[PDB]
Structure formats: structure tokens, C-alpha cells
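Read through the structure below, which is laid out as C-alpha cells, and then see the notes.
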Amino acid sequence: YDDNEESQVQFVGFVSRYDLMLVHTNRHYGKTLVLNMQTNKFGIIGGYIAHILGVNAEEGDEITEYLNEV
Amino acid sequence: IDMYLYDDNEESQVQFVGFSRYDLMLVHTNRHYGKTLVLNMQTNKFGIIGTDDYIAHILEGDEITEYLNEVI
């Protein structure tokens with residue numbers, strides 16, 4: 001199959017230093033795509049963040065603190 | 001959490017493709033100078049891919065390379 005969709009990509013960086021990419025698509029039922037540009041791992045989010053982004057426990061909490069905010 | 005470095009948006013085209021069995025996502029973005037983002041659903045890993053450049057590294061990777069040549 002091939003499906004195309006126009007979506008808003010959000011590049012974010014905050015300070016460890018983190019640089020994330022956020023893809024908002026309708027295919028994941030409100031869930032957001034979070035791409036870690038430094039570890040090149042991604043996950044669909046609705047210590048799972050630390051495990052799904054390849055990052056230690058409290059780095060994952062800092063990503064989680066940024067993610068629940070937005 | 002002392003400093004918020006940046007926060008910018010951009011309209012981008014996302015492709016959902018399906019062809020052992022592979023499920024990929026392709027994000028085209030002006031931020032990466034024409035290089036296409038290739039996401040692997042099953043392995044949850046991605047990479048900024050260009051014609052010049054590893055595939056199985058960053059993502060049975062030889063068959064992914066065959067399909068990506070038909071897109072880029």
C-alpha cells in the first residue's frame with residue numbers, strides 16, 4: 001500500500017541536550033510520533049519513553065517532562 | 001530545563017508504505033536538504049537517507065535499499 005498525508009512536523013530542542021522531531025498524523029489516533037535525532041530511534045506516544053528512545057532513566061524523564069507538557 | 005533552544009514547525013509530506021514484510025514511513029522535509037527520512041515501524045529506528053549513502057545498520061536491509069531506489 002501507499003498512503004500520503006500532509007502533516008505538521010515540529011522540530012524541538014531543549015537542555016543533557018535533547019533534539020526531538022514531532023510528527024502529528026491522523027493515522028495513530030491522536031498519538032504523536034517522537035523522533036530522537038541523536039539516538040535515531042522513534043516511538044508512538046499517547047520507563048517507556050527511556051526504553052523507546054534509547055536513553056537512560058532520568059534523561060527519559062526529562063524527555064517525558066517535555067512531552068507531557070506538549 | 002534552563003533553556004528552550006528552539007521550537008519550529010513546517011508542513012511535510014508523510015508516506016505510509018507496505019511491501020520478510022516491511023512497513024516504512026517516509027518523511028520529506030526541507031530541514032534535511034532534500035534527504036528523506038525513512039522510519040521502520042517494526043524496529044522503531046530511522047535515519048536521514050540520501051542518494052550518496054548502512055541501511056540495515058541505521059534501520060535484510062539490502063531489500064530496503066532496492067525499494068528506496070524506486071522512490072528517491
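Each chain in the C-alpha cells gets a letter, A, B, ..., in the order shown, and its residues are numbered from 1; ligands are numbered from 1 in order too.
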Exercise: residue 53 (chain A) partners within 12 Å, only C-alpha atoms, chain neighbours under 3 positions left out, as a VMD selection string: (chain A and resid 18 to 21 33 to 45 47 to 50 56 to 57 59 to 64) or (chain B and resid 43 to 46)
Those residues with C-alpha atoms, as an mmCIF file, in the first residue's frame please?
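Generated output (again_25.cif):
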```cif
data_model
loop_
_atom_site.group_PDB
_atom_site.id
_atom_site.type_symbol
_atom_site.label_atom_id
_atom_site.label_comp_id
_atom_site.auth_asym_id
_atom_site.auth_seq_id
_atom_site.Cartn_x
_atom_site.Cartn_y
_atom_site.Cartn_z
ATOM 1 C CA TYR A 18 17.857 16.884 23.540
ATOM 2 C CA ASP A 19 16.778 17.389 19.925
ATOM 3 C CA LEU A 20 13.423 15.836 19.038
ATOM 4 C CA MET A 21 11.172 15.666 15.995
ATOM 5 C CA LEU A 33 5.480 10.488 16.734
ATOM 6 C CA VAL A 34 8.570 11.436 18.760
ATOM 7 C CA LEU A 35 11.899 11.025 16.948
ATOM 8 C CA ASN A 36 15.172 11.290 18.881
ATOM 9 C CA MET A 37 17.604 12.776 16.348
ATOM 10 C CA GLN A 38 20.639 11.878 18.475
ATOM 11 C CA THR A 39 19.788 8.195 19.007
ATOM 12 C CA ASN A 40 17.816 7.808 15.739
ATOM 13 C CA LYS A 41 15.061 5.854 17.491
ATOM 14 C CA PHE A 42 11.381 6.792 17.463
ATOM 15 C CA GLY A 43 8.163 5.800 19.174
ATOM 16 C CA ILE A 44 4.427 6.438 19.040
ATOM 17 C CA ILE A 45 3.420 8.004 22.364
ATOM 18 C CA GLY A 47 10.056 3.981 31.663
ATOM 19 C CA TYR A 48 8.573 3.520 28.206
ATOM 20 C CA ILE A 49 9.996 6.813 26.912
ATOM 21 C CA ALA A 50 13.502 5.955 28.122
ATOM 22 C CA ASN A 56 18.860 6.472 30.359
ATOM 23 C CA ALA A 57 16.276 6.658 33.140
ATOM 24 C CA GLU A 59 17.192 11.531 30.604
ATOM 25 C CA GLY A 60 13.966 9.744 29.678
ATOM 26 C CA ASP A 61 12.185 11.559 32.496
ATOM 27 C CA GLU A 62 13.440 14.887 31.134
ATOM 28 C CA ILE A 63 12.063 13.900 27.728
ATOM 29 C CA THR A 64 8.859 12.794 29.466
ATOM 30 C CA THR B 43 12.148 -1.952 14.515
ATOM 31 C CA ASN B 44 11.368 1.618 15.708
ATOM 32 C CA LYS B 45 14.521 3.066 14.143
ATOM 33 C CA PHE B 46 15.028 5.704 11.466
#
```
Distance table requested - chain B against chain A, cut-off 8 Å, only C-alpha atoms: one row per qualifying residue with the closest atom pair and its distance in Å to one decimal, ordered by chain and rising residue number, as a tab-separated table.
```
residue	atom	partner	partner_atom	distance
B:1	CA	A:15	CA	5.4
B:2	CA	A:15	CA	6.5
B:3	CA	A:15	CA	5.8
B:4	CA	A:14	CA	4.7
B:5	CA	A:14	CA	5.1
B:6	CA	A:13	CA	5.3
B:7	CA	A:12	CA	4.6
B:8	CA	A:11	CA	5.5
B:9	CA	A:10	CA	4.5
B:10	CA	A:9	CA	5.5
B:11	CA	A:8	CA	4.8
B:12	CA	A:7	CA	5.5
B:13	CA	A:6	CA	4.8
B:14	CA	A:5	CA	5.3
B:15	CA	A:4	CA	4.5
B:16	CA	A:3	CA	4.9
B:17	CA	A:2	CA	4.7
B:18	CA	A:1	CA	5.0
B:19	CA	A:1	CA	7.1
B:44	CA	A:42	CA	5.5
B:45	CA	A:41	CA	4.4
B:46	CA	A:40	CA	5.5
B:47	CA	A:40	CA	6.2
B:58	CA	A:40	CA	7.9
```
From a backbone DSSP assignment, name each residue in chain B labelled helix (DSSP H, G or I), as a short mmCIF file (atom, residue, chain, number, x, y, z; two decimals) with N, CA, C and O atoms, in the first residue's frame.
```cif
data_model
loop_
_atom_site.label_atom_id
_atom_site.label_comp_id
_atom_site.auth_asym_id
_atom_site.auth_seq_id
_atom_site.Cartn_x
_atom_site.Cartn_y
_atom_site.Cartn_z
N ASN B 30 12.22 19.99 4.29
CA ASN B 30 13.20 20.95 3.80
C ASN B 30 14.36 21.14 4.77
O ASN B 30 15.39 21.69 4.37
N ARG B 31 14.21 20.70 6.02
CA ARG B 31 15.26 20.86 7.01
C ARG B 31 16.48 20.00 6.70
O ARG B 31 17.60 20.33 7.12
N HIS B 32 16.29 18.90 5.98
CA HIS B 32 17.36 17.94 5.72
C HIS B 32 17.92 18.04 4.30
O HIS B 32 18.51 17.08 3.81
N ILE B 55 22.24 0.74 5.55
CA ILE B 55 20.78 0.74 5.63
C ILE B 55 20.31 -0.20 6.74
O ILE B 55 19.50 0.19 7.59
N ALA B 56 20.80 -1.44 6.75
CA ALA B 56 20.47 -2.36 7.83
C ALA B 56 21.08 -1.90 9.15
O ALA B 56 20.48 -2.09 10.21
N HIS B 57 22.27 -1.31 9.08
CA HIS B 57 22.87 -0.62 10.21
C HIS B 57 21.87 0.37 10.82
O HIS B 57 21.37 0.16 11.93
N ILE B 58 21.54 1.43 10.08
CA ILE B 58 20.71 2.50 10.61
C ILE B 58 19.25 2.09 10.81
O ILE B 58 18.54 2.72 11.60
N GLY B 61 18.49 -5.69 5.10
CA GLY B 61 18.50 -4.29 4.73
C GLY B 61 18.77 -4.03 3.26
O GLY B 61 18.51 -2.92 2.78
N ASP B 62 19.30 -5.02 2.54
CA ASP B 62 19.54 -4.85 1.12
C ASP B 62 18.24 -4.71 0.34
O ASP B 62 18.20 -4.01 -0.68
N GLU B 63 17.16 -5.35 0.80
CA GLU B 63 15.89 -5.26 0.10
C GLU B 63 15.21 -3.91 0.35
O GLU B 63 14.45 -3.43 -0.49
N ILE B 64 15.46 -3.30 1.50
CA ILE B 64 15.00 -1.93 1.73
C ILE B 64 15.68 -0.99 0.74
O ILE B 64 15.06 -0.05 0.23
N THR B 65 16.97 -1.22 0.46
CA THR B 65 17.69 -0.38 -0.48
C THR B 65 17.10 -0.47 -1.87
O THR B 65 17.08 0.52 -2.61
N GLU B 66 16.62 -1.65 -2.25
CA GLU B 66 16.03 -1.81 -3.58
C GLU B 66 14.76 -1.00 -3.73
O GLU B 66 14.52 -0.39 -4.78
N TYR B 67 13.92 -0.97 -2.69
CA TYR B 67 12.69 -0.20 -2.77
C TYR B 67 12.96 1.30 -2.74
O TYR B 67 12.32 2.07 -3.47
N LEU B 68 13.91 1.73 -1.91
CA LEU B 68 14.17 3.16 -1.76
C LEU B 68 14.71 3.78 -3.04
O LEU B 68 14.54 4.98 -3.26
#
```
Skipping near chain neighbours, those fewer than 2 positions away, what residues fall within 10 Å of residue 52 (chain B) using only C-alpha atoms, listed as a ChimeraX atom specification? /B:35,49-50
Where does DSSP see strand (DSSP E or B) in chain A, if you list the residues as number ranges by chain? A: 2-14, 18-24, 32-36, 41-45
